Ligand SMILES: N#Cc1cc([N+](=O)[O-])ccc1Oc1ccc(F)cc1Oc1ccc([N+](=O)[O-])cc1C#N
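Given next, in structure tokens, is a single chain: the form solved without the ligand.
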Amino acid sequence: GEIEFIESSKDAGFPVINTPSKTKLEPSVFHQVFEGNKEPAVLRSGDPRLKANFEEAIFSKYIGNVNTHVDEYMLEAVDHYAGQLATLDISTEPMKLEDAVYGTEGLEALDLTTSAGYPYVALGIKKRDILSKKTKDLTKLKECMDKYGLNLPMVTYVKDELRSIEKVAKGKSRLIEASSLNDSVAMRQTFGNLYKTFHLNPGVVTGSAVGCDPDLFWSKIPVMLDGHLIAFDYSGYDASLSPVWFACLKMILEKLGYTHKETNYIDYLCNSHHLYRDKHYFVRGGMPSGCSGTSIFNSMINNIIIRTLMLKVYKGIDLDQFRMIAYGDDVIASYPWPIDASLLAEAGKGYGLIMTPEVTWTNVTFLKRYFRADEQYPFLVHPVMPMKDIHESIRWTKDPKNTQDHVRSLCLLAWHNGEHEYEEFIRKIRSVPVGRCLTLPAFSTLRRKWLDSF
């Protein structure tokens, strides 16, 4: 992706988008009890922690585009992945508006807490002024969609999150795009059934882990990926994507039965108009992370990409014995023969991608978690989030009113590191008075509930 044009919003008649001064992240009561290095991402240009220019840094992920046709390797990659997806009988019929907005099996209700986007943010209109969980009303939504239409600009926000010392100093904060509510809804109607099928079928047929529950899914992964492991992620995957990969996505969607007109929303993702505070800009290429479906679409494109690279480097590869699962840019995969991931990575460079790869079940990670087979039940596999990362999270909060849920959710991650680690974690939590006010689950209880969940 590449920013093709940027100028002051006022010159186009767009108002300034008022986004936040300060981080919502503050040190928690556990800040001194546990150790960590991460701090809130830089949100503004004058952050005294910066050792770089902020606006340049946040837009530096748009590294450019490789201008190329859909080549023979892409075409074969698309055909092979489309054949897998055909198995799932994905309906290209539009999803019912009430289902696409307020919830159906496999597609959670539209998040009412996030930005409604443009023009609503300029008018003070929030998602809750249009939608109602209690009443499931659609009449106000239909009015706003009729009034403002589709293909509206996106609103760029800086993601308020913990980051490493280096990413704070370099100002490499992440950016999230808010689609207009009108566009989010229309895409959920157009692609809702695809979304549902992916959410209900994580694994090596979708090649997707979006929406998975690591507590359950981790034990299935080594059954699915039974060859020599291949794994990597990327540097700046979303913004690196060139338009040819979106062309590949449209071809795969058409093979699934979507009409050319129904794939038009992929053009909306690829060639996009953004408002960022007092500026507006156009981008060619790049997945606009945060719009409807970007994790699933990122994952589907990654399935095309890896097949492309394998076909191009290993002419004579048999993709029917290749297996892969992607969550956006994050890939875990296997093939019955050893594969040099560095050759794939260098081939990917030729397509404008920055890929970063004996990968074993001991050292492989997926979704920032390790895999450890249970000592007693060898066919069950623990997702292992490093205690380091659990410690980083517990030291901060965006709202101490949620301390109980926050620490509870961390306990659900932590116990997979084993009983000694877990008791130490619980011990340190209880060394603060708040910690003795929390309902903390017992290790035996977590282990028992986990075993029983299978």
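Each residue number is its position in the shown sequence, starting from 1.
Form deposited with the ligand bound: not shown, discussed below.
In short, of 104-112, 300-308, 165-173, 344-352 it is 104-112 that has heavy atoms within 4.5 Å of the ligand in the deposited bound form. A heavy atom within 4.5 Å of the ligand in the deposited bound form is found for exactly one of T294, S334, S242, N193: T294. Checking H274, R188, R284, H382 for any heavy atom within 4.5 Å of the ligand in the deposited bound form turns up a single hit: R188. Contact between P202 and the ligand in the deposited bound form is not found at the 4.5 Å heavy atom cutoff. In the deposited bound form, at least one heavy atom of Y327 sits within 4.5 Å of the ligand.
None of the heavy atoms of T263 is located within 4.5 Å of the ligand in the deposited bound form. Although the partner is absent here, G290 is a contact residue: one of its heavy atoms lies within 4.5 angstroms of the ligand in the deposited bound form. Contacts between stretch 119-145 and the ligand, counted in the deposited bound form as any heavy atom lying within 4.5 Å, involve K127 alone.
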